[PDB]
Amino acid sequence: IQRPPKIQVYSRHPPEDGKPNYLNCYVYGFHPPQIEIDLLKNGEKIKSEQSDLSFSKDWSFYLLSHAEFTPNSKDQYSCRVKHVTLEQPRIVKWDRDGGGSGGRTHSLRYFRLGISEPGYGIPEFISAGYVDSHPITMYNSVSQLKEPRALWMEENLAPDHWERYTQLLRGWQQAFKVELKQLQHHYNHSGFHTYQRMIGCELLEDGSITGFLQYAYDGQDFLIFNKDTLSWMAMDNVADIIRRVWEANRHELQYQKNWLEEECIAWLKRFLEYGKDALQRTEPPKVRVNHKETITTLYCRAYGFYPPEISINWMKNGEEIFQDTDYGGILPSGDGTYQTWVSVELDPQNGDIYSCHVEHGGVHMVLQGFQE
């Protein structure tokens, strides 16, 4: 399957017009991974930093492309994005003000991304771990090394740990390559195709736990593991073939169950204690309201909050507005914090009060934007 990218351009901190800030271009929910993301100043291309390819639960990809600084003095900035799902490159300009609408547990995840031979310019194998959506480990088929993605990961883990997993990943990389070939032979096609794996567990706020192991082919769910019944789910006749093979090995299934239920949860708690400083902190949001003519729409921004769990909506006198509204979703700030936003198109009438409702610590925060 092929899914068009969602794009949002915004600033790390609220622009002071005299104060250099970070321009961000966030591209998410796209597939395949092939992506061209450029930042533009008045139409010209600018030197910008790009994050490692990251993976979501739905098998899509996302990237944060940021610029060194944007003093923002009487200029016009935008973002250019080229993708296989776009004929003409989509351009999104940065405004003083779409998509979104997606909307306190802890989890650990490990992702794999295979790319059918040849390389196609992209690394054929990639593996990255996440805890609470925080990057921790990074491996790829180019540089075959372990590589911690967090400071508190590398500090609390000896060199013998990374040495051991740098060897395992090389083994898993090769096995992944073989399964990718086998699939293409089963689907009776060749050329560019992708192979993805996601495993992990999560620890719920009350002490409950769950775990999952899943596989995707070309962005679509392929094989899904049930650790309770010790059986694999297949949504395709071709996926059914692997199902019958994998289920034939009982020791493997049992092994998966134990890791997800016992081993994984242990790794999660261990990592949480390591990053206790970063993960257990909470920084309140800074709300900002603005308006743009042409009939007019209102904007509400919430800056620099952690964790990402947040709820934000517009109100009218003083009830919530479900009509003519947009949700930015949770966006990476780049500081390790996050920011979002919500907009409303107004038929203003007379004497109506419009105010922004935000709940973070909950801790309900309301800012009155506008009234006739």
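Numbers for residues come from their place in the sequence shown, where the first is 1.
Exercise. How many residues sit between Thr294 and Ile295 in the deposited sequence but have no coordinates: none, 1 to 3, 4 to 9, or 10 or more?
Worked result: According to the record, 1 to 3 deposited residues lack coordinates from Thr294 to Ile295.
Problem set entry | Residues of the deposited sequence left unbuilt between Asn156 and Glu155 | Gap between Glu155 and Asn156: none.
Exercise. Out of 348-356 and 15-23, which stretch has the higher average CA B-factor listed in the record?
Worked result: Averaged over C-alpha atoms, the B-factors run higher in 15-23.
For this session: Return whichever of 217-225 and 163-171 has the greater mean Cα B factor according to the PDB record.
Result: According to the entry, 163-171 carries the higher average C-alpha B-factor.
Exercise. At the C-alpha atoms, which of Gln254, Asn140, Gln280, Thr210 reaches the highest B-factor in this entry?
Worked result: Comparing C-alpha B-factors across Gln254, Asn140, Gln280, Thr210, the top value belongs to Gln280.
Exercise. What's the residue among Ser333, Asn42, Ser56, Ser311 with the greatest CA temperature factor in the PDB record?
Worked result: Of the candidates given, the C-alpha B-factor peaks at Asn42.
Problem set entry | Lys93 CA temperature factor, ranked by third within the chain | Highest third.
For this session: Rank-wise, by C-alpha B-factor, drop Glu247 into the lowest, middle or highest third of its chain.
Result: Lowest third of the chain for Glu247's C-alpha B-factor.
Problem set entry | Chain-relative CA temperature factor third for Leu151 | Tercile = highest for this residue's CA B-factor.
Problem set entry | Assigned third (lowest, middle, highest) for the C-alpha B factor of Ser127 | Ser127: CA B-factor falls in the lowest third of its chain.
For this session: Please place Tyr62 in the lowest, middle or highest third of its chain by C-alpha B factor as given in the entry.
Result: Lowest third.
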